[PDB]
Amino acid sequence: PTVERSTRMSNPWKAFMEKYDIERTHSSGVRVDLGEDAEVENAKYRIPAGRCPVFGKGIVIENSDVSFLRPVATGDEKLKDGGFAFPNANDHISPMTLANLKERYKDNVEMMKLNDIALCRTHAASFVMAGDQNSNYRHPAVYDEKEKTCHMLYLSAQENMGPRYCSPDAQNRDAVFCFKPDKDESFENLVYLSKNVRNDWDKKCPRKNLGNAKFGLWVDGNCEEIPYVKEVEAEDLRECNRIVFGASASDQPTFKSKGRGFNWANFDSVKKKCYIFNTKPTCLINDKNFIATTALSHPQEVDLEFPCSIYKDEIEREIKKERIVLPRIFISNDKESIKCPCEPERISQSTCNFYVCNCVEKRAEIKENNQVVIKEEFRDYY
């Protein structure tokens, strides 16, 4: 009967971390999303294309007291007296309460399967321009989860700066307003939705912040710290989430980010510090002092239940296969299961009471650009 260490280099966090691969799952701008081109009347237009919802995002209109959720100004009204939302129509398609969407689609069997956000999104995304369409152009939506109201947006624009392009001067009521995307308490229950958002966003996209956790990089059997991060002062989680959103993937002209950007952040709730980074995380570090957030994530919701069993499940799973080949997992809540040559270290900040075997042959490391690479001694074997 033999016991040995496997040479297979995998990652037990793969299925769990998929929703945090913003470039793969959202695939468009976050702060400013304008990832899809649309030709209307032989003219080219930019529309939001992200596949995930953006929680807590709203549009701040500079030196205006009008919410962006108010309808756009029409005919007899001045530009600066309205918002961004769809205006009054022969059929009241926007704003629409959940009860109204439920009445409108009461006979549609397939639509009865949708969650409130997916229902609002499908509703807004169903409207094609009349006559000569030929276009993929659709309007985005904003679902208000507190007010249970779906708002179609007439304007797909998210940011406008520069004195020559806009007027912040509230005494110049006739001209174009200055605006920017942002997250604040007044927008916290809002859900910014492009026409492309996944109906199964609850399984594939971020929402809740991860308590007792910080984002990390899987380095041959343990979740390690991200070496290159940008530290910022943040009084609370809301501030850290607002900072990461501000620094996130932008499709705004300087233009398709494809979801690449400073999308993730680690919040130290004791030190009051926000560490933002632009490389996708591949695991979580169980640390009682941290909250892991994204630019897509809810400004306040926290899930404190760290998936403690991830390592033990995978070790036990593999042992159900006399040759025993142990996986390259050097962390666990069952210290003996690791089969460590020295005494495993007890991680004090770990709520899962994890033990780490530091004294093992490591075949990978992190380089200057946060890239996990195979060590030179092992490159030939792999």
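In case it trips you up, residue 1 is the first one in the sequence shown, and so on.
Where coordinates are absent for parts of the deposited sequence, a chain break appears; between neighbours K321 and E322 it spans 10 or more residues.
Deposited sequence between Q171 and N172: no residues lack coordinates (chain continuous). On average the C-alpha atoms of 108 to 116 have higher B-factors than those of the other stretch, with 108 to 116 and 138 to 146 being the two compared. The question of which stretch, 41 to 49 or 352 to 360, has the higher mean Cα B factor is settled in favour of 41 to 49. Set against one another, the Cα B-factors of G162, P299, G221, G216 in the record reach their highest point at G162.
Taking only the listed residues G246, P281, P253, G261, the entry reports the highest CA temperature factor at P253. The PDB entry assigns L34 a C-alpha temperature factor belonging to the middle third of its chain's modelled residues. Compared with the other modelled residues of the chain, the Cα B-factor recorded for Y228 ranks in the highest third. Annotation for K19: CA B-factor lies in the lowest third of the chain's modelled residues. In the PDB entry, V270 places in the middle third of its chain by CA B-factor. Per-chain ranking of the deposited C-alpha B factor places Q158 in the middle third.
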